[PDB]
Structure formats: structure tokens, C-alpha cells
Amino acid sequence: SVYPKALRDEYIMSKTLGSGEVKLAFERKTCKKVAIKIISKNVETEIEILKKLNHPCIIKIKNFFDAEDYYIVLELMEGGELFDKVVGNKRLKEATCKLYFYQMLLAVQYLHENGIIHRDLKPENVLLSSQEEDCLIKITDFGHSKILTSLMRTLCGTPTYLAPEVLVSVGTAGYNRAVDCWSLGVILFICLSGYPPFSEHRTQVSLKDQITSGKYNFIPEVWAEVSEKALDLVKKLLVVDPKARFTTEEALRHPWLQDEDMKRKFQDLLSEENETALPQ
């Protein structure tokens, strides 16, 4: 078939960047490059979540066309996916891990402050600003995300007729955001080590069983490279109990992230990006 005429009106379409599919396009008005995500026919709440969020490490929506398929126009991230930096047991300098992870933490912190849980954080959904190693990252893909109740309403009686399991669920309610911190844990583990914590590669233990026990695959030889501090943070994010797991605030306060050089590099990268006159 063809691209829709409203899209064609504003954009010249071009090569595939990835794949669900992402294409290169040029905005006609500006002659600048954009990315167009095509979702073959919830997207309208993803759009509405993305419209309202404003953070430098979260992807912005430029335009939207709901046609035969959906078309989401976004800023082009020249560095591609973090996934490509970590496949085939490739891995990043610990310093590069920290810079990227710091930014992931700020993004997810901002999400959680604003009542949004992402629910699908993985290396594919972390985009790099450039092909430089030191760059900005943005989190994308909010198609599984949730806005943070019926429980609160339920607890306004008088539980004369209320079922025990509802009363039991009160102990653990309101920690759904901790799933994001788990994922961040897994991504950090991968970035630091070049391999996955939980995997069916050369184990008899099921993936499910590995995850619910929290018994990640530790290969000391791969990790001898890595600081104890980095591994300590991983350990606090890969905690099975969601009430005990580190929050993004706790992670940002961890020794590993008290790194003024890393933080300066990030502030520098932001300035470069931003780049109107001000009173004084």
C-alpha cells in the first residue's frame, strides 16, 4: 500500500533504521531528519502519555497519524538502540555503563514522580543520541505503560462483606513501579557483564525458577573487571521482594553514582544539545 496523504504532505519518507518498524524521514518545513515509527493495526494513551512528558532522557513525539496503520513521528536518535552495543557479549566500559545508567535512572525517576510505570524497559527501548560513546540516551516505547485506585475506594467501608484476599493485597499494593527497577537491574547487569543474569544457556534451572529465586548467573571471571560498587547496585535492584528493592531515588544515592566527572559529562552533553536569549 502507500503512506497516507497527510503524512506525505509534511514528510519525505526514506530508509529503514530498524524494526513494528522505524523509518528515516525528512520534515519538509525544516529539511531535518525525523524517525517515523509504524505500528501495524493502546497507541492513543501512549501518545497522550508521551505528549505530557517533558524530560531530556525521554523521547518526544513530534506528530501522529492514525490511518491504515499508526504513524508516530519522533526525534531521530542517531546512535540507534543500546541493544546493538551489548549483543554478542560486547560490553561497555564501566564508565560508559554509568553515564547511560545514570540517565536511565533520571528518566525512570521522572516517570514514577509523574505516576507512570513503563513496564517494558529493555536495551531495545533505550536509544542513543549519537555514535559517540559519551552521549545522551532517551527511553522510548510506552506501549505497555500504565498510569498509577479501586482498592482505596474499597477500603472506605466497613469490610463486613469484603473478601479476605482483598485485605491481604493491601500489604503489597502501590509497588507496581518496582517492576521498572527490576528491569533497570537486568539492563545494568547486561551492560556491565555483556551477558544476561537469567538465561536458559547452559543451566538446568528454568528461567522462571532463576527469576523467582533471584539467583542470577554469576561468572566471576567476566566480573573481575568490574568495580564492587557497580555490582553492589545491581544486587540491590535484583531483589526479589518488591518492597525491599531499591527505588530510583535510592539507586541515584548509591556510591556508584556519586561520580562528579560522570555528572559533569552529562550536563555538558545536555548543554551541547540545547544549543533563546534570557533576561540577565
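Sequential numbering from 1, following the sequence displayed. Rigid core (definition): largest C-alpha set, two forms, superposition within 1.5 Å.
Following superposition on the rigid core, is the mean squared CA displacement, expressed as RMS, greater for 151-159 or for 96-104 in 9 other deposited structures of this protein? Clearly, after the core fit, the stretch farther away in 9 other deposited structures of this protein is 151-159.
Decide, for the other PDB entries of this protein that were compared, whether residue 267 is missing from at least a third of their models. No, none of the compared structures omit it.
Tell me whether residue 19 is absent from the model in at least one third of the other entries compared, counting only those where the residues either side are present. Across the compared entries, residue 19 is left out in at least a third.
Between residue 19 and residue 20, determine how many residues of the deposited chain lack coordinates; answer none if the chain runs continuously, otherwise 1 to 3, 4 to 9, or 10 or more. According to the record, 1 to 3 deposited residues lack coordinates from residue 19 to residue 20.
Which fits the stretch between residue 95 and residue 96: none, 1 to 3, 4 to 9, or 10 or more deposited residues lacking coordinates? Gap between residue 95 and residue 96: none, chain continuous.
Which has the higher mean CA temperature factor in the PDB entry, 86-94 or 204-212? It is 86-94.
Which is higher on average in the deposited entry, the C-alpha temperature factors of 24-32 or of 44-52? The recorded data point to 44-52.
Whose CA atom has the top B-factor in the entry, of 155, 170, 121, 191? The record points to 155.
Of the choices 141, 180, 134, 113, which one's C-alpha carries the largest B-factor in the record? Top of the list by C-alpha B-factor: 134.
Ordered by C-alpha B-factor within the chain, which third holds residue 176? Give me lowest, middle or highest, please. Lowest third, going by the recorded CA B-factors of the chain.
What third of the chain does residue 199 rank in for C-alpha temperature factor, lowest, middle or highest? For residue 199, the deposited C-alpha B-factor lands in the highest third.
What third of the chain does residue 65 rank in for C-alpha temperature factor, lowest, middle or highest? For residue 65, whose C-alpha B-factor we compare with every modelled residue in the chain, the answer is the middle third.
Using the temperature factors of the C-alpha atoms in this entry, rank residue 109 within its chain: lowest, middle or highest third. Residue 109: CA B-factor falls in the lowest third of its chain.
Using only modelled residues of the chain, where does the Cα B factor of residue 251 rank: lowest third, middle third or highest third? Lowest third, going by the recorded CA B-factors of the chain.
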